[PDB]
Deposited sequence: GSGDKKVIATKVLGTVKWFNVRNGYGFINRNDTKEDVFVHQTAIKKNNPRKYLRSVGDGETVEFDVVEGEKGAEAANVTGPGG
């Protein structure tokens, strides 16, 4: 719920569609942030997914277990 950072750019380390989660490495701090599939904004063209090695833009928010990505989109 609580927003820590906005408009953060990062690269997807991995995302596993079976388990429905992954990690994004923040460009700004170089730390991994957890991303759940629900946190990813709906695709134009696995409606909620990101691809390994892709650059994405997201908010960082406070989850139960730590920092997690929110509102994950393409850059811009």
Chain regions without C-alpha coordinates, deposited sequence numbering | 1-4, 50-51, 83
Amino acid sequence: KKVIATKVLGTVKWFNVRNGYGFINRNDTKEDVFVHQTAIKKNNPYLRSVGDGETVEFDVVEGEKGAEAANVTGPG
From here on, numbers count along this sequence of modelled residues.
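Each form is matched to the other, and the largest set of C-alpha atoms that superpose within 1.5 Å is called the rigid core.
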Fit on the core, then compare CA atoms: does 49-57 or 62-70 lie farther from this form in 6 other deposited structures of this protein?
-> 62-70
Missing-residue flag, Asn44, threshold a third of other entries = yes
21-29 versus 61-69: which one carries the higher mean Cα B factor per the record?
-> 61-69
Assert third(CA B-factor, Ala39) within chain per record equals highest
